[PDB]
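We place every Cβ from the backbone using ideal geometry, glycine too, and count neighbours over all the protein chains shown. Read the figures in this text as sums done on the coordinates, not as results from a lab.
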Amino acid sequence: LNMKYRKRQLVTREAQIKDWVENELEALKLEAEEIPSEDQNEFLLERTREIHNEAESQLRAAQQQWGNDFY
Amino acid sequence: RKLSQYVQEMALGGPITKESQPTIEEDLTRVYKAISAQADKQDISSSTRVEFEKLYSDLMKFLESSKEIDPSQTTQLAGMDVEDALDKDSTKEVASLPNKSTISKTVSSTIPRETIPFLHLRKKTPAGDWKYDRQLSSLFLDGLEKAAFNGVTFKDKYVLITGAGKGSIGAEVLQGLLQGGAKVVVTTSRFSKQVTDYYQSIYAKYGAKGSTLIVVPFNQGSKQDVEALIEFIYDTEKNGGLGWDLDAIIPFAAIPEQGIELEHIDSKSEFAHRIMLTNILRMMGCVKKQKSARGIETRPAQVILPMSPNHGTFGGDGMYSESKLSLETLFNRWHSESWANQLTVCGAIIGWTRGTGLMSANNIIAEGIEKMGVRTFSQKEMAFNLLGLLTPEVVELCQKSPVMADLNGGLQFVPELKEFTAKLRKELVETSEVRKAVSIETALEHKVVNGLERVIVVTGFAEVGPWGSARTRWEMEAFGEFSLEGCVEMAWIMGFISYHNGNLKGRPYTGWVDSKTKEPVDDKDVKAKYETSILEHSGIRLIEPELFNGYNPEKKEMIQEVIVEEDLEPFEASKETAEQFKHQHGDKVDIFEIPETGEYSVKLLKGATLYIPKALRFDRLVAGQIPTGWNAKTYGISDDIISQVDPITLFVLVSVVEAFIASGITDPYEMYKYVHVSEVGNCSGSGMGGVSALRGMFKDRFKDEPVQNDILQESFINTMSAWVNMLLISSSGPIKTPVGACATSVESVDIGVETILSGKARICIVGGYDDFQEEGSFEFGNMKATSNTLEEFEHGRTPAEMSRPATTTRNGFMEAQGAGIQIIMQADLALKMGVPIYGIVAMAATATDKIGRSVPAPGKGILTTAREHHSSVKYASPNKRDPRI
């Protein structure tokens, strides 16, 4: 806890957030066409630049606690 | 005696050893370990010094209250008339075969010439004078042998001393007893702050385990004051107090009375004879009258009266030695007068002290008198012998018989000391006169040839307190003076200094220097060795009391403007202008004061009893006049905005910009190229006051002196925080503005720090203004917590002090004008082209949780014990909601 602990920082995060970023763009690959590919690059500019920030903010959601909202 | 790195530090070691305080001064010294990081050779050296100083201090818990020992090396003299223009030297050589007083013990024993010793102790002589009896001469020498190595203890002694300050021998006597642990009080004539602080460090350098000190101001002569202090040292605790027993007394003299022979029995030379015995002889009498009234007969009081052997020896004495040789009757008075079970006299004849701090007469020769006749005493630390003459096992002999002890080391054995004094004076100055006459012409014989991410950062701040800018008061905290590069910045404001003197039109040719006082004394005023003492204390001592005349706005402070009412009945028939009678005729009823019409004129006027004017009063107020200002305020501000905006808003206006240059952001439009959608902004200004023209909103309405047509805009408390926006950095975002005064300026930060942890906002400011005015008294002073002189004039005169917290001397605190400012960032952007960084943001205060039925309560455990909540139900095992930490 009160040390430079960072263990539960590295174990239950930096792995599960590391997991469903591999598993999240593939969920978009299930909805890859759905008869777009008239606006695929649109949905790449739409959907894929969302989820990277979602990949960014969810890691920052861990960055509330473990040192910065530690108590 | 092997002193080096220690010595004076070794003296501090004994001083550290003295005030023991069981398990108190252990633990702080025990944390000389703790963080003993062996990475510095200095740290490792002190680590060696750690346990050794801890050792003896562990070995002296509960002991006799320290020594009286002087670990300084013994001394003598060093008078030299050197070769060239280097005429007279001075003193303080090293003294051959000395240093240690233990070495100076036996050296002061078997003395030369043809005498008993270096410090004998005579008595009565069968039916005559003072035969050097060995038995009395034994133990006194043995008492010094019982000193040096052995300590000297002084517990429960409770003595007063007349002896004055710096150069006096009683000064060093005072040094001994506080080291010895007595509780000594001291009188003096002169009383000031300069008198005060000198009697702080001596108490701070010599407070041993049981030592307190009282300074009293008291004139030793003029007997109408001598009774009350002697009363005050003996009164009942349910009166003035200080219920002591006064076990010993040493009064010393004053008043030189020099250079006058028999022909001058006139005035203030006259004043010495009343003060050297006549107040004194009643004082030892009355103390017995005080003592024997209570009946404390088992514990007498021992006096030590100074004597002198040079009676009829030295020259134009006047009445000094002649009143001095009138004391010895006290010996034979100790029989055939009933006071022997209450007092005891033991004389002290002390002669020929070196050491000019003050009153070392003929501080020139000191050395030829150690040859033509081998006799000693160029030694200023003779009080070491005196301090032995208060010690128990000697007081026993003082309970037997009075003691004449010639503490003069043997100067009486030379015949004709007077010319013998002059003979080395008349030759050694004459010897200097030889080579001095040689030196100048020899040069004249020569000279005629040639020719993360939510951490919050302190970024910028600038207080304008009662002193100058925020760079000033750190150094005034750091040093009493102003430290020239610090000093001219203080000297910039108040306008004494006239920076940009003009690169031309100086003294007709070229020449510019940052000068003073724009066009009185503009003359070129160099930044060097000047402006200390040509811009000092007049430049310093105007920012403290009497608050001013002609400042706020007048406020005479012994002349109070109260409106008393009266309804007299004589009549006037005065005159006036038209239509204003009607707001006298609306104001007062018709049956009093029918006007008239003012034919070919304005109107007409008065009549019957009229029931007005409620004239005026003259009233004196005690509690005020303490704080002040700075006699100049316009930096680079826009003129004629300042006709409307004055009383406090300038202070916060000059605050923010000086915070911004300190936080390195000029031109706060510079932020908006770190492009936002500009929803990031405004401050959290605060303060109960800012009234400061609202006085004009009430005292200057229905009384009709010029007020602008809109004052309710600048009436509020957010209106300053409006003017930081549109007249400066011009955001659109959030505005908080707490007040919370008498504890303000933090919740503004603390709710302001809540703003930035939320992503609702970024870079922000906090308030901090307040003000003093006429109505800044009266519910202040009447609140009786604020301040009050006269007992801040009376027992402490002290206009510079006026307030010392945690002292019991506090009677009211103080407040002044003030202006304080801070700015805060998200700290990620503070890494983005750095402002730069200063601090670190910690606390979260401000929840009272206590509802009594009064107001207010200062800070003991009222609140913030809900802060540091951090409970401890059973865990015993290491490593928001979190009830533990």
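For B:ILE24 and B:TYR669, what is the calculated FRET efficiency with R₀ set at 51 Å and r taken between the beta-carbons, to the nearest 0.05? Working shown, then result.
Details: r = 59 Å, r/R0 = 1.15.
Once the sixth-power term is evaluated, E becomes 0.30.
Let me know the number of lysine pairs in segment B:44-109 closer than 19 Å at the Cα, not counting same-chain pairs under 8 apart.
Value for segment B:44-109: 4.
Taking amide H positions as modeled 1.01 Å from N, with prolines and chain starts lacking one, the residues under 5 Å from B:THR737 and 5 or more places away or on another chain are B:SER684, B:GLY685.
Calculate how many DSSP beta bridges within chain B are antiparallel, expressed in % of all such bridges and rounded to the nearest 5. Can you show the working numbers first?
Values: 13 of 30 bridges.
The antiparallel proportion sits near 45 percent.
Please list, by residue number, every one of the trypsin sites (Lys or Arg not before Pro) in segment B:563-636 that is coil in DSSP and has at most 10 other beta-carbon atoms within 10 Å.
Values: sites: B:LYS575, B:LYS582, B:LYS588, B:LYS603, B:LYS606, B:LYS614, B:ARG617, B:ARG620, B:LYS633; in loops: B:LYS575, B:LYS588, B:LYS603, B:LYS606, B:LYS614, B:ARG617, B:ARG620, B:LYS633.
Passing both the DSSP loop test and the Cβ count: B:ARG620.
Residue exposure proxy: B:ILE230, B:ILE765, B:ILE265, ordered by other Cβ atoms within 10 angstrom of their Cβ from fewest to most, comes out as B:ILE265, B:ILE230, B:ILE765. In terms of other Cβ atoms within 10 Å, B:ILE824, B:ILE35 run from fewest to most in the order B:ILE35, B:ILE824. Over all other residues within a Cβ to Cβ distance under 11 Å of B:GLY468, the charged ones net out to -2, with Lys and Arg as +1 and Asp and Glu as -1.
With the cut-off at under 16 Å, measuring from each backbone N in segment A:30-71 to a point 7 Å along the Cα-to-Cβ line of A:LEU1 picks out A:65-71.
In chain B, the calculated helix contribution to ellipticity at 222 nm averages -7000 deg cm²/dmol per residue, counting -39,500 (n - 2.57) for every DSSP H run with n ≥ 4.
Between B:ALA608 and B:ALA866, the simple spin-label model (points 7 angstrom out along Cα→Cβ) gives 6.5 nm. Multiplying the residue separation of B:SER138 and B:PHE232 by 0.36 nm and removing their Cα-Cα distance gives an extension gain of 29.9 nm. Take the Cβ-Cβ distance between B:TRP474 and B:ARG810 as r, set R0 to 35 Å, and report the resulting FRET efficiency rounded to the nearest 0.05. For B:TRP474 and B:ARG810, the calculated efficiency is 0.90.
Per 0.36 nm of contour for each residue apart, how much would the distance between B:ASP156 and B:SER109 grow if the chain were fully extended, relative to their Cα-Cα spacing?
On the way: separation 47, 0.36 × 47 = 16.92 nm, distance 3.10 nm.
Taking B:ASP156 through B:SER109 to full extension adds about 13.8 nm, to one decimal.
Backbone geometry of segment B:401-414 corresponds, through the Karplus equation with coefficients 6.51, -1.76 and 1.60 at θ = phi - 60°, to 3J(HN,Hα) couplings of 8, x, 10, 9, 10, 6, 6, 4, x, x, 6, 6, 8, 6 Hz, x marking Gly and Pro.
Phi-derived couplings, Karplus 6.51 cos²θ - 1.76 cosθ + 1.60 at θ = phi - 60°, listed residue by residue for segment B:786-794: 6, 4, 6, 6, 6, 5, 10, 10, 7 Hz, with x used for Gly and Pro. When peptides B:90-98, B:705-713, B:317-325 are ranked by their average number of other Cβ atoms within 10 Å per residue, the highest-first order is B:317-325, B:90-98, B:705-713. Across segment B:528-542, computed HN-Hα scalar couplings (Karplus, 6.51 cos²θ - 1.76 cosθ + 1.60, θ = phi - 60°) run 6, 2, 5, 6, 7, 6, 9, 10, 7, 1, 4, x, 9, 7, 10 Hz from first to last residue, x flagging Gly and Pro. Sparse packing (at most 15 other Cβ atoms within 10 Å of the Cβ) combined with a DSSP loop state is found for the following GluC sites (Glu not before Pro) in segment B:592-682: B:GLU596, B:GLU599, B:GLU679. With the convex hull drawn around the C-alpha atoms of segment B:219-294, the volume per residue stands at 98 Å³. Near B:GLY689, the amide H atoms lying under 5 Å from its own belong to B:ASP771; only residues 5 or more places off or on other chains count, and H is placed 1.01 Å from N. Projecting the Cα atoms of B:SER538, B:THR517, B:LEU428 onto the dipole axis of segment B:400-546, where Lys and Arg carry +1 and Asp and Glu carry -1 at the beta carbon, places B:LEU428 farthest toward the positive end. Between B:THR577 and B:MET10, the simple label model (points 7 Å from Cα in the Cβ direction) yields a spacing of 9.1 nm. When peptides B:681-689, B:645-653 are ranked by their average number of other Cβ atoms within 10 Å per residue, the highest-first order is B:681-689, B:645-653.
How about segment A:1-53: which GluC sites (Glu not before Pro) there lie in a loop by DSSP and see at most 15 other Cβ atoms within 10 Å? Don't skip to the end; give the middle numbers.
Details: sites: A:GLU14, A:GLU22, A:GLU24, A:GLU26, A:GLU31, A:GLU33, A:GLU34, A:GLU38, A:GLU42, A:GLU46, A:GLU50; in loops: A:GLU14, A:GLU31, A:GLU33, A:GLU34, A:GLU38.
Filter output for segment A:1-53: A:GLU14, A:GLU31, A:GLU33, A:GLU34, A:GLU38.
Per-residue Cβ neighbour counts within 10 Å put B:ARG884, B:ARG354, B:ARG274 in the sequence B:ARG884, B:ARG274, B:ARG354, beginning with the fewest.
Shielding of peptide A:62-68 by partners, expressed as the average count of other chain Cβ atoms within 10 Å per residue Cβ, is 2.
The slack between B:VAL455 and B:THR517, meaning 0.36 nm per residue of separation minus the straight C-alpha distance, is 17.6 nm.
Quick one: net charge of B:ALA182's neighbours, Cβ under 11 Å, K/R +1, D/E -1?
Values: positive: B:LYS155, B:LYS157, B:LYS183; negative: B:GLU68, B:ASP156, B:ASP247.
Charge balance in the 11 Å sphere: 0.
What shape does segment B:36-132 take by its C-alpha gyration tensor, where a ≥ b ≥ c are the square roots of the eigenvalues and a/c under 1.5 counts as rounded, a/b above b/c as prolate, and the rest as oblate? Oblate is the answer for segment B:36-132, as a/c is 1.5 or above yet b/c matches or exceeds a/b. Sorting the Cα pairs of chain A by distance into bins of 5 Å, from 0 upward, gives 4, 13, 20, 18, 13, 10, 8, 6, 4, 2, 1 percent per bin. Computed from the C-beta positions of B:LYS874 and B:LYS2, the FRET efficiency with R₀ = 60 Å rounds to 0.55.
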